[PDB]
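Q: the sequence isn't on hand, but the structure is:
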Ligand SMILES: *[C@@H]1O[C@H](CO)[C@@H](O[C@@H]2O[C@H](CO)[C@@H](O[C@@H]3O[C@H](CO)[C@@H](O)[C@H](O)[C@@H]3O)[C@H](O)[C@H]2NC(C)=O)[C@H](O)[C@H]1NC(C)=O
Ligand SMILES: *[C@@H]1O[C@H](CO)[C@@H](O)[C@H](O)[C@H]1NC(C)=O
Ligand SMILES: *[C@@H]1O[C@H](CO)[C@@H](O)[C@H](O)[C@H]1NC(C)=O
Ligand SMILES: *[C@@H]1O[C@H](CO)[C@@H](O)[C@H](O)[C@H]1NC(C)=O
Ligand SMILES: *[C@@H]1O[C@H](CO)[C@@H](O)[C@H](O)[C@H]1NC(C)=O
Ligand SMILES: [Ca+2]
Ligand SMILES: [Ca+2]
Ligand SMILES: [Ca+2]
């Protein structure tokens, strides 16, 4: 139940108990709020006697103003409409500005006419003490003045609740001294439609209100409409709702547009862009506007059902607009963004100090000093790009790439070596660019950057300092080994190694691709070079921040700047010269943007001016086809290039051999691989040519293993420069000419120092070596080391969607992202498409924009039967599900493990951590905030409208269960969130405290599951949380990481007496003294057979920390009394 008080009419009031009167004040009087423990207060602002604005104050800190013309303020600043915040979801319900606070309990509406409203909860029975009268069934005692004296004059009682504020003084409001046939409202007691209500609230007070209005009622046929509408609303709230009224004489309650004032319009209000979530429309009917019928409510006005625009990247799109992604394209069907399914060309950017972007985008930093295999065909060896990395800037965390050694085997056996400084060394001797061959076309670019180009499949962009940009066509598809990983479009597996197993650590994966056996394997890959050079932190942050500024806002939606921001920070803190490396990082992000399709200037005086040579000009977005006298000499070769942003020359000019461009029609006449000056006639025995313009117009020691050095024929044999070790036997070793050293017998590889047979050499996993025939367990799969290669058993294991922290999620395929949501979102769901759905898990929360101490997650599990809502700290089942057979509520440890079906095994932390575990059955059939469980991480941001979104914010906003609540604003901030950014003191302590994840206790597990996602989740969600007393915000993240570790059989006992202590004393506390049975076990077992659950169950998680009773062998545990007793004393 709930009461209702409305400041309807013109200066009228209706208390919570029915008493009504007139009062035109000016001092923003207190409508409702307890007088003992206020904790919040609805204030009805008044202007010159008119009802202007309805304010709500929470405690003494949060101020919200609603106004009657739709504008909103926080007290000193304006805000947009949906404006979800700490409670107080201010929305538009049915054309009326609704302000809903449920944690406290009330709902404030302001319809077009300006009639306020309030729906206080029963828990304020006899407790509210505002201007709307105390909420007691007795309606005659609703003039309780703030002084505590019950008066009879309404104006005295009303003025006793005035609330002045600073400039807004006030005085005793007094009734206007104005005195006085439209008898229309007499029908309140005559017409049948109203007559039905007579058993309910009587009309006589409303007839008196008529007479009072009618006395003046300045206007025409309006003296009655306010009272009639108020009576109808009061009757509807009291029970039955007057159907059919407003068809006789009412003023047609105003609506913004699409005039459809309709009694009992469901607030669910299926709108234009909604997920069609049925069964959540349980909210009671409320009188309000609506769309005519066939129309559907769009963002603003009503539009036709067949006109719903598609939404992508947080903007609207008329049907059929069909914008194009990188290489695929979408069509914008009826809000479905049907998209193509081609394969785009890959790229393996290697820019920066040590930064890689695998073909399947897997931004990572390795920083190893050796020769590493970047990309290779493997399936059909046709190119073996290899990089040689060497430390720069006399700092450990600075490992540039010095050269590249492409090994195109098609052209006999070429060894094109893109040297430092943009030189090329085809098979030893340097070569004068441009160069042509069978298909090789290495040549300069507009910028000083060699561009190797094989037969329209390879395309490199070496640039000297180091920028390799290997680009492959879809032909190579999923056949490409090397540091760029298989080019199969899935970013998850791009950490594979020659042994055939993905390395969880970047270091192991990188070391796997060594060529020289003597190079040092990389240890922990430091993430913060700034720590070694503190003087650079300020400049690094303040300079790389530009990547997250309006200058790059256009590209922000196309390419997420986070990896590029991290790379810029690392380079600036690590590079030898801050200026050049900063410009390189910014140019890298800009180039990524431009290649995606968006061009950003980002180049300003001082910052990164290109400073083109005299005679050249910058002209961002220039054309490269022309701008070479050679181009004139060969005017029918090709032109299929685009904007390059290089240093071109003024129109009408032409690059010459020397480099200048003053030549316009005085150009060399490149011909037969020779240079001819202008007008250089020439006549051989079978032709005669003259060079005009630019075109050459023409007519007519240690036994027992054998020792060999090399044949020394042309320095081809493999000397000691590369000795085939089983760790690198498969890899293509570099060829630096014969060194004339030792070598193992041809039919067996080297190992350590003793040469051993190839079939007998251990594989590797996490650095550790495993001898042939051994085996290792990965998840629910086991692998055996054979021929230095892992043979794994393929059983797709259960995927675990999670919501680490409050703003971070972990998809089934493994993607982790940030989404600070407030509304109710679809965590998991199988109502994706043609497949008939079976369940929907919604993870709606409250006050969780910024992860806060009071944030709480409300999970509603709409299984086939009905809601299984989880809230607070216990499970509620507000529906008997159709098949209660498959339903358990095992609450081992601190968790509420559920088994809602054969596969669905939701695991709950009794707090803000929720895990959904699915089996092979729900593969590629699920959708929501946790991807689709297809094994591909890239396609896990697919929005509700079946399009991939770069920014996780838009993708999350696409999954809100409602469609009017609010959309999380795309915050451009970076690491060090708001409460973390400008604190330093809090930033540092948070960073240090959220480092236990890398402590010794977690050290054993860190090598099995990287903590960086959880490090971020802890640095975030801990600065955001103002943990006071309740220290769960920080502790919960660590506990979640420990739980993940335990899932991998790496139990960690990290809790202490001073670090997130967890006690169990209260359980053992019993009338019999002390039981000593309930103790905290860091891991504990899974669901334990108990009196209420004698039979065993297949729990999703084998181990779960928390309290548990270590009962002796007999007398298994009970449930109600939380004590273990003989099996007899239970059912
Ligand atoms: C809905 O009603 C509210 C309440 O009247 C309107 O707020 C008022 O908006 C006007 C528009 O500019 C404000 O005028 C400006 O005030 C500032 C500060 O006093 C002054 O420096 C300017 O020169 C200008 O006069 C006015 O202050 C403001 N009153 C408030 C906030 O109490 C609101 O504009 C209305 N909605 C719409 C859409 O108009
Ligand atoms: C209102 O409060 C007073 C004192 O707390 C109490 O005596 C009285 O019974 C209350 N009224 C109702 C209806 O509970
Ligand atoms: C170069 O190409 C541009 C674009 O097609 C064209 O306008 C121009 O005439 C060409 N020649 C020169 C010398 O710029
Ligand atoms: C896996 O083992 C089976 C049985 O020994 C064998 O037939 C199969 O070839 C093995 N797979 C690989 C990739 O070696
Ligand atoms: C937790 O329980 C398991 C199995 O019951 C046991 O092996 C382990 O020693 C326990 N740990 C502690 C700290 O009691
Ligand atoms: Ca009362
Ligand atoms: Ca891949
Ligand atoms: Ca997927």
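A: Sure thing, it's come through. Numbers count the residues shown, from 1 in each chain. Ligands and ions are numbered 1, 2, ... in the order given.

Q: near ligand 6, which residues of this protein?
A: Within reach of ligand 6 by C-beta under 5 Å from the ion, the chain has these residues: 17, 133-134, 136, 142. (C-beta placed from N, C-alpha, C; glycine too.)

Q: and if we set it to 8 Å?
A: Residues of the chain that fall close to ligand 6, judged by C-beta under 8 Å from the ion: 15-17, 19, 126, 133-142, 144.

Q: filter the residues you listed down to the buried ones.
A: 15-17, 19, 133-136, 142, 144 (16 or more other C-beta atoms under 10 Å).

Q: can you lay out those as CSV showing secondary structure and distance to ligand 5?
A: Formatted as CSV, those follow (DSSP: H, G, I helix; E, B strand; the rest coil; distance: C-beta to the nearest ligand atom, whole Å):
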residue, secondary structure, distance to ligand 5
15, coil, 60
16, coil, 56
17, coil, 59
19, coil, 64
133, coil, 59
134, coil, 56
135, coil, 52
136, coil, 56
142, coil, 61
144, strand, 59
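
Q: and which of those is nearest residue 216?
A: residue 19 (22.4 Å; C-beta to C-beta).

Q: one step back: distance to ligand 1 added to the buried ones among the residues of the chain next to ligand 6, as JSON lines?
A: As requested, those are arranged in JSON lines below (distance: C-beta to the nearest ligand atom, whole Å):
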{"residue": "15", "distance to ligand 1": "27"}
{"residue": "16", "distance to ligand 1": "28"}
{"residue": "17", "distance to ligand 1": "31"}
{"residue": "19", "distance to ligand 1": "30"}
{"residue": "133", "distance to ligand 1": "27"}
{"residue": "134", "distance to ligand 1": "31"}
{"residue": "135", "distance to ligand 1": "30"}
{"residue": "136", "distance to ligand 1": "35"}
{"residue": "142", "distance to ligand 1": "30"}
{"residue": "144", "distance to ligand 1": "30"}
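
Q: which residues does the residue of the stretch 551-700 of the chain found nearest ligand 5 contact?
A: Nearest to ligand 5 in the stretch 551-700 of the chain, going by C-beta to the nearest ligand atom, is residue 566, at a distance of 38.8 Å. When the contact criterion is C-beta atoms under 8 Å, 6 or more residues apart in numbering, the partners of residue 566 are residue 363.

Q: isn't there a helix covering it?
A: Yes - judged by DSSP: H, G, I helix; E, B strand; the rest coil, residue 566 forms part of a helix.

Q: measure it to residue 572 for me?
A: Residue 566 sits 11 Å away from residue 572, taking C-beta to C-beta, to the nearest Å as the criterion.

Q: name the element residue 614 belongs to?
A: Taking DSSP states H and E as the definition, one finds residue 614 inside no helix or strand.

Q: helices of the stretch 901-1050 of the chain, residue ranges please.
A: Remark: helices assigned in the stretch 901-1050 of the chain by DSSP state H, counting those that start in this stretch are 952-957, 978-981, 985-993, 1000-1006, 1012-1019, 1032-1047.

Q: quick check: which of these is nearest to residue 893?
A: Taking these one by one with C-beta to C-beta, helix 1032-1047 is closest: 9.7 Å.

Q: give me the nearest residue to the most centrally placed residue in the chain, chain neighbours excluded.
A: Central residue of the chain (C-alpha atoms, centre = their mean): residue 952, 3.0 Å from the mean position. The spatial neighbour of residue 952 that comes closest, neighbours along the chain excluded (C-beta to C-beta, 6 or more residues apart in numbering), is residue 817 at 3.9 Å.

Q: what's whichever strand or helix holds the one you found packed up against?
A: Using DSSP H and E, residue 817 falls within strand 816-818. On a contact count with 3 or more C-beta pairs under 8 Å, 6 or more residues apart in numbering; DSSP states H and E, strand 816-818 meets strand 808-810, helix 952-957.

Q: alongside ligand 1, which residues does the chain contribute?
A: 67, 69, 71 (C-beta under 6 Å from any ligand atom).

Q: number of residues surrounding whichever residue of the chain sits closest to ligand 3?
A: Nearest residue of the chain to ligand 3 (C-beta to the nearest ligand atom) works out as residue 626 at 3.5 Å. Applying other C-beta atoms under 10 Å, we find 16 residues neighbouring residue 626.

Q: from residue 634, how far out is it?
A: For residue 626, the distance to residue 634 equals 12 Å [C-beta to C-beta].

Q: does the nearest residue to residue 438 once chain neighbours are set aside sit in a helix or strand, and which one?
A: Distance criterion C-beta to C-beta, 6+ apart; nearest residue to residue 438, sequence neighbours excluded, is residue 411 at 5.7 Å. Under DSSP H and E, no helix or strand contains residue 411.

Q: quick one: secondary structure of residue 188?
A: At residue 188, secondary structure determined by three-state DSSP is helix.

Q: I figured it hits residue 209, correct?
A: No - Residue 188 is not in contact with residue 209 according to C-beta atoms under 8 Å; the separation is 9.7 Å.

Q: what's the nearest residue to whichever residue of the stretch 101-250 of the chain sits closest to ligand 8 if we skip its chain neighbours?
A: Here the residue of the stretch 101-250 of the chain nearest ligand 8 is residue 102; by C-beta to the ion that distance is 34.5 Å. Distance criterion C-beta to C-beta, 6+ apart; nearest residue to residue 102, sequence neighbours excluded, is residue 87 at 6.9 Å.

Q: check contacts around the closest residue to residue 340 other than its chain neighbours.
A: Excluding the flanking residues, the one nearest residue 340 by C-beta to C-beta, 6+ apart is residue 328, at 3.7 Å. Residues in contact with residue 328 (C-beta under 8 Å, 6+ apart) are 339-342, 344.

Q: and the furthest pair within those?
A: Pairwise distances across the contacts of residue 328 (C-beta to C-beta) peak at 12.3 Å, for the pair 339 and 344.

Q: more neighbours, those two?
A: Each of residue 339 and residue 344 has its neighbours counted (other C-beta under 10 Å); residue 339 has more, 19 against 12.

Q: thought that one was touching residue 947?
A: Yes - counting by C-beta under 8 Å, residue 947 is a contact partner of residue 339 at 6.0 Å.

Q: and for these two, which residues touch both?
A: Listed contacts common to residue 339 and residue 947 are residue 330; contacts here mean C-beta under 8 Å, 6+ apart.

Q: ok, residue 842 - contacts?
A: 280, 824-827, 859-862, 961.

Q: need those residues in JSON lines (columns: secondary structure, distance to ligand 3 and neighbour count).
A: Below are the contacts of residue 842 laid out as JSON lines (DSSP: H, G, I helix; E, B strand; the rest coil; distance: C-beta to the nearest ligand atom, whole Å; neighbours: other C-beta atoms under 10 Å):
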{"residue": "280", "secondary structure": "coil", "distance to ligand 3": "58", "neighbour count": "17"}
{"residue": "824", "secondary structure": "coil", "distance to ligand 3": "54", "neighbour count": "21"}
{"residue": "825", "secondary structure": "strand", "distance to ligand 3": "50", "neighbour count": "25"}
{"residue": "826", "secondary structure": "strand", "distance to ligand 3": "50", "neighbour count": "24"}
{"residue": "827", "secondary structure": "strand", "distance to ligand 3": "53", "neighbour count": "26"}
{"residue": "859", "secondary structure": "strand", "distance to ligand 3": "60", "neighbour count": "23"}
{"residue": "860", "secondary structure": "strand", "distance to ligand 3": "60", "neighbour count": "20"}
{"residue": "861", "secondary structure": "strand", "distance to ligand 3": "61", "neighbour count": "27"}
{"residue": "862", "secondary structure": "strand", "distance to ligand 3": "60", "neighbour count": "24"}
{"residue": "961", "secondary structure": "coil", "distance to ligand 3": "52", "neighbour count": "20"}
